[PDB]
Every structure is written in structure tokens, then in C-alpha cells.
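> these chains are from a complex, not moved at all, and more is on the way:
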Amino acid sequence: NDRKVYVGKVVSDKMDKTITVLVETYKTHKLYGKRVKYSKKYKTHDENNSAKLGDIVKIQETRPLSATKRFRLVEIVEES
Amino acid sequence: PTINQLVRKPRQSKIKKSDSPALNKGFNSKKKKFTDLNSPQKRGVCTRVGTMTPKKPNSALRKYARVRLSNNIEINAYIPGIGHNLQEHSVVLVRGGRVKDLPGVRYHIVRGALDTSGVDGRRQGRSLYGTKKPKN
Amino acid sequence: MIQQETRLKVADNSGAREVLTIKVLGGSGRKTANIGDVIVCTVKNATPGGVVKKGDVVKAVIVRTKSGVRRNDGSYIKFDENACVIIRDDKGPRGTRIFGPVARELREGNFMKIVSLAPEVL
Amino acid sequence: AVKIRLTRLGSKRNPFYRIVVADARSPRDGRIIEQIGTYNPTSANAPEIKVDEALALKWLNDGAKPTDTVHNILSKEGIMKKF
């Protein structure tokens, strides 16, 4: 039983690695059936690196080792 | 009939209100606020007798009852039948709802019902305005 | 020394919290009154629940006042407030509970039913 | 701590029961995960003792011993005394 390759994109950040990655998925509602796409926000972190202005990455579900943040993974696409 | 804005924006059902809103209720005094109950059975204790004259559709004469329910409000009744209970101050079994042709009244009497028995001029009814122990 | 227009703290469970003496019944010319006296007052502050409501004229016997009460042995005793118990015009309490201590002068005033619930009796 | 349990839906007309591994501090009725079957101690309904206790007899070296006067059913068997 291993740990996924959760991915996403980035929006903004604050002092000394208040890092994050975006979360999203393909799925629908149970009632009126439309392919409307949807999202919710996450909490990863680095030293200062995985951050705003382009950090398309991966994330994890592990021991956070964090305040209320939860992730340790960054497996990327590219940078800007 | 387009489904995009249907989870954006929903629809309604019809619009209806149930029957006898000031009924199926037992008024508080300890906590002062009513109970939404829909009880099977209930009582009726009397304040007046009551009668209004102008009847077009029938165009005969017959009175009704003005019986107050709990603790200061107007509650009104009617006696559908050929039996006149020249009485008051009773303790009864309620009948819920209105019979045809009287507006606003929704409260009635079961045959017998602990107060009296009924108009004893009936013996064929065996099941109307007081009729117990009737040879079938 | 409880004269006319005086606020006292009722120490009962009837339903009152504060009353204002209207007249000190006892004779023609009476002005003040000490522990072991009956006075006529009115409820100025009550509590949601009880038998006594606000704006009612009832009788009561003042018990434990700020002023001292000299005895026969030459000893005194003064409290830190002025309280009183509401009676029922029969030398009996309208309530059933009593908060705080009471004086031993009610025993001579035929109040054995009021000195049987009070926790202490100094 | 482990004890025997049984199921309940609707019949009798002969003392019936069941085989399971429930908790100790509880009644005769208990939850069963690996349903092994039931038991008929009425000495009349022989076609009802289809209990395949495969995880109930594995408490021999895990934590189990005849208790609550239930050794009679284990008296016919002998898959114990391995230590």
C-alpha cells in the first residue's frame, strides 16, 4: 500500500516557504450529470523552492512533518 | 430544458400547503410554543355553542359549535348531522378536518367520545351521530 | 435601622431578589426597625419562576442588618448587608430554602419555623 | 480476550446456536466477521451443524480454551493440546 503521485500547479506564496500545490480531478455530480471540472487546495512545502510563478509539480500523502501542512513531493513538469 | 445551468441553478417542486395548520397541535404553557404533532386523537372543551343563519346552498336551518382549543385563540367547529346536542363544557375525541360546506372550521366530534353518547333518535345509522349496541 | 424607602436583599427562594419597604407596621409614629420586626414592601426585581412576581405588595421580617444588636450579656453582632425573609401572614416562610446566616432574636419573636432551615444561627 | 457468539434472524422450535469469535465482556449475541456457520444443540436438527470454524480454532496458540460449559461441542473434536 503505497503513496500516490498527486500533482498540480501553484498560485502564490509568502515568507520562507509557505509553499503549496494545486489539486484537481475529473469527476461529476450524482444529480444532473455534466462534465464540469473541479478543484480544491493543498499544503506542501520546501526550503523556499516549490513556490509561485510556475511550479507545476507532484505532491504526496505521507507524514507531513509540518504545522498543518501535509506533503513531501515535487515531481515536476517544467519551469518558466 | 438544458442541463448546464441546472447544477449551476436548480429548479423547484410545486407549491402546496398541507391541511388544518392550526390543528394537529398542542399549545405549551411551560415553554409557551406549540407542538407539531399530527396526533391521532385529542380533546375538545367548550366555550360557547354558536350559530349563523345565512345558508344559501342548503336553505334549511342548523347550528354549529364554537369550541376553544388551548390557551387563548379562536377555534371553531360544526356539528354535521340531524342530532342536536344542547350541551357544552365537554371533554371529547376530536375529529380532524372540515366536512363539506363550512369555511375555516376543521374540528369535530366522534360518536360517543367520553362526553355524551349521541342523538339517541338514531337506531338505523348504527354508525352516525351516536349509535352504540345496534342490532345488525 | 430600616426606615421608609429602603432597598433590602431577600434571602429566600420564593422568586424575589430585591424589595423596597413601604411602611414599618408596629404602631402610630414608628420610624425605624431592627432584627425581629415585620415590614410591608414591594418586589422591585424578581426572577423568571416562583410564586412572587414584580409589582406585588407582600409582608416580610427583616433578618441580619448592617446595624448591630446589643444583647443582655453586653455582646454585639453586625453583618455586612441587610436581608429579610418574606412571610405568609402566619409567622411562616413563603419559600422553603434560606441563604446566609440568621440572628438568635427570631426565637423570642415566635419564629421557630424560620430558625429551622437557616444554615447557621448566631 | 475472545468468546463465542451467534447470529439471529427468525426460528427455533429446537434449541439452536452458532459458532463465532466475539469479545469477552458481552452477551451471547455478538458480531461475526468470518462467518463459519451455526450450531444445533437440540439433539434433533442434525442438518444444521455446518460450522467451518477455520479462524475460530486458530486461537489454540493465539488465546482460547473451553469456557461457559461449551467443551461438549469440542469434546467430539480434538484439534488442540499442541503445546
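Great, that's in hand. Residues are numbered from 1 along each chain as shown, chains lettered A, B, ... in the order given.

> Identify the residue spatially nearest to residue D:82, adjacent ones excluded.
Counting by C-beta to C-beta, 6 or more residues apart in numbering or on different chains, residue D:82 lies nearest to residue D:60, which is 6.0 Å off, once chain neighbours are set aside. Heads up, the C-betas are built off the backbone N, CA and C, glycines and all.

> How about the contacts made by the one you found?
With contacts taken as C-beta atoms under 8 Å, 6 or more residues apart in numbering or on different chains, residue D:60 has the following neighbours: D:79-80, D:82.

> list the contacts for the closest residue to chain B within chain A?
Of all residues in chain A, residue A:32 sits closest to chain B, at 4.6 Å by C-beta to the nearest C-beta. Counting by C-beta under 8 Å, 6+ apart, residue A:32 touches B:3, B:6-7.

> Direction included, what does the one helix or strand residue C:45 maps to pair against?
Secondary structure assignment for residue C:45, by DSSP states H and E: strand C:37-46. When pairing is defined by DSSP bridges, strand C:37-46 lines up against strand C:16-23 (antiparallel), strand C:57-63 (antiparallel).

> Please identify which of those strands is closest to residue B:118.
Ranking the strands paired with strand C:37-46 by proximity to residue B:118 (C-beta to C-beta) places strand C:57-63 first, at 51.6 Å.

> how about the residue lying closest to residue B:109 once chain neighbours are set aside, what does it touch?
In space, and not counting its chain neighbours, residue B:109 is closest to residue B:92: 5.6 Å by C-beta to C-beta, 6+ apart. Contacts for residue B:92 (C-beta under 8 Å, 6+ apart) come out as B:43-45, B:109-110, B:113-115.

> Near residue B:77, how many other residues are there?
Residue B:77 is flanked by 23 other residues according to other C-beta atoms under 10 Å in any protein chain shown.

> okay, chain E goes in next:
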Amino acid sequence: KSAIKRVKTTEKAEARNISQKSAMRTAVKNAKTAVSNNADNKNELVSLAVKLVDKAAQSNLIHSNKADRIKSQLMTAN
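Placing chain E onto the earlier chains gives this:
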């Protein structure tokens, strides 16, 4: 209604935990307080509490993994 013996074994339980936890309150008032202050408290004045906290923690209530955190910050604190 069997408090007729356990109205009061909570209280021998109390005494027999608290007096020994306090005899530790003097065992954290010597070594751990003075493994810094340069005092002699790193030899036999750390080692009394070996068998002393051992007089404590052979029973289920005294610290267990916190025992592994109180022995790793006094003996391994070199």
C-alpha cells in the same frame, strides 16, 4: 458500593505514585539541572536515577516511550 475499599485505593495509589514522582522532582533538581552548570552531576548523580526511575517504571502507568525520552536526554546527553 464496593468503594468500601476503593474509596481509598485511589489514595494509596496517589501516595505511592506522588512521593516517588517527587523523589524524581529531586532527581531532576540535580543532574538535568546541572549537566550544564558544570557541577559534579554527570557521574553517580546521574546513575542513582538508573535504579531509581527503575523503581518507578516497571509498572504500566509510569512513562514507557517517554521513558525512552527521559533516558535518552540524561545518559546519552554527553
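
> and the contacts of residue D:60, now that chain E is in?
By C-beta under 8 Å, 6+ apart, the contact set of residue D:60 is D:79-80, D:82.

> now it: how far from chain B?
With distances taken as C-beta to the nearest C-beta, to the nearest Å, residue D:60 is found 58 Å from chain B.

> And residue D:8, by the same measure?
Plainly put, residue D:8 is 33 Å away from chain B if you go by C-beta to the nearest C-beta.

> Tell me the buried residues in the strand holding residue C:45?
By 16 or more other C-beta atoms under 10 Å in any protein chain shown, the buried positions in strand C:37-46 come out as C:37-39, C:41, C:43, C:46.

> Nearest to the spatial middle of the chain, which residue is it?
Since no chain was named, I'll use chain A. When C-alpha atoms, centre = their mean is applied to chain A, the residue found nearest the centroid is residue A:21 (2.7 Å).

> right idea, wrong chain: chain D
Nearest to the mean C-alpha position of chain D, counting by C-alpha atoms, centre = their mean, stands residue D:19 at 2.6 Å.

> wait, what's in contact with that one?
By C-beta under 8 Å, 6+ apart, the contact set of residue D:19 is D:4, D:6, D:36-39, D:51, D:53, D:56.

> For chain B, which segments count as strands?
Counting by DSSP state E, chain B has these strands, from start to end: B:94-96, B:107-109.

> residues from chain A in reach of chain B?
Where chain A comes near chain B, counting by C-beta under 8 Å from any C-beta of the partner chain, the residues are A:29, A:31-34, A:36.

> ok, the nearest residue to residue B:78 once chain neighbours are set aside to residue B:47 distance?
Spatial nearest neighbour of residue B:78, excluding adjacent residues (C-beta to C-beta, 6+ apart): residue B:64 at 3.8 Å. Separation of residue B:64 from residue B:47 (C-beta to C-beta, to the nearest Å): 13 Å.

> Over to residue B:90?
Distance, residue B:90 to residue B:47, using C-beta to C-beta: 11 Å.

> add RNA strand F to the structure above:
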RNA sequence: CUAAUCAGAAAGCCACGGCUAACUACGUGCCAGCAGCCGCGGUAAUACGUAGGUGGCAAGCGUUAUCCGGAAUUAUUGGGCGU
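Putting RNA strand F together with the chains above:
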């Protein structure tokens, strides 16, 4: 619990026409009054007061009110555009 076993009754049914399924009338002369949506007496209530019962029934008569397919008066299967 056969047990010989006498005969140790299974209250009473509704509206009483036609739909919710019911049968006709003296009382009744609009005086009381019938009435589950429809619906009835002013001189033949195939309704009513009451009286022998046919449709359902015998441990059962009128009523009490909750969501179910029915309600296609949600439209997930089963939603109008000018009206």
C-alpha cells in the same frame, strides 16, 4: 394436554341508488334535514328519522393521517417558450 364431550354461538357491517362498489320505501312537506371529489328532502329522499339486508365481512363495525409506484403535478430515467 384428543376427552367421555353435553350443544360451552361468530360482537355485528357501513353508507343503504350510481362512482367508493349500496335496496326499497312509510316518516318529510322545506319543519328537522342527506352528503369521501360527483352529489340530495319544496307532497312518492331507488340517500335522510327508522325498519327484514345484497357488494366486503365475523374478531371484526365508521373513523384516525404517513410516505410510497399510483401523482407522467421533479423531469437521474419521465421538464414551456408566441400563446
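
> since we added RNA strand F, can you redo the contacts of residue D:60?
Contacts of residue D:60 (C-beta under 8 Å, 6+ apart): D:79-80, D:82.

> go again using 10 Å as the cut-off
Shown in contact with residue D:60 (C-beta atoms under 10 Å, 6 or more residues apart in numbering or on different chains): D:79-83.

> burial measure for the spatially closest residue to residue B:55 that is not a sequence neighbour, as a count.
In space, residue B:55 comes closest to residue B:61 once its chain neighbours are excluded; the distance is 7.2 Å by C-beta to C-beta, 6+ apart. By the criterion of other C-beta under 10 Å, residue B:61 has 8 neighbours.

> Next, count neighbours for the closest residue to residue A:17 other than its chain neighbours.
Leaving aside its chain neighbours, residue A:17 sits nearest to residue A:48 (4.6 Å; criterion: C-beta to C-beta, 6+ apart). Other residues within reach of residue A:48, judged by other C-beta under 10 Å, total 12.

> Work out the gap between the biggest helix by length in chain E and the centre of the chain.
If you go by DSSP state H, chain E has its longest helix at helix E:9-25. Chain-centre distance of helix E:9-25: 10 Å, with C-alpha atoms, centre = their mean, to the nearest Å.

> Return the set of buried residues in the helix or strand that that helix is followed by.
Sequence order places helix E:48-56 as the next helix or strand after helix E:9-25, per DSSP H and E. For helix E:48-56, burial by neighbour count (16+ other C-beta under 10 Å) applies to E:49, E:53, E:56.

> what's near enough to touch the last one?
With C-beta under 10 Å, 6+ apart as the criterion, the residues that contact residue E:56 are E:17, E:20-21, E:23-24, E:27, E:49, E:62-63, E:67, E:70.

> Kindly recompute the last result at 7 Å.
Applying C-beta atoms under 7 Å, 6 or more residues apart in numbering or on different chains to residue E:56 gives the contacts E:20, E:24, E:62.

> Done for today, thanks.
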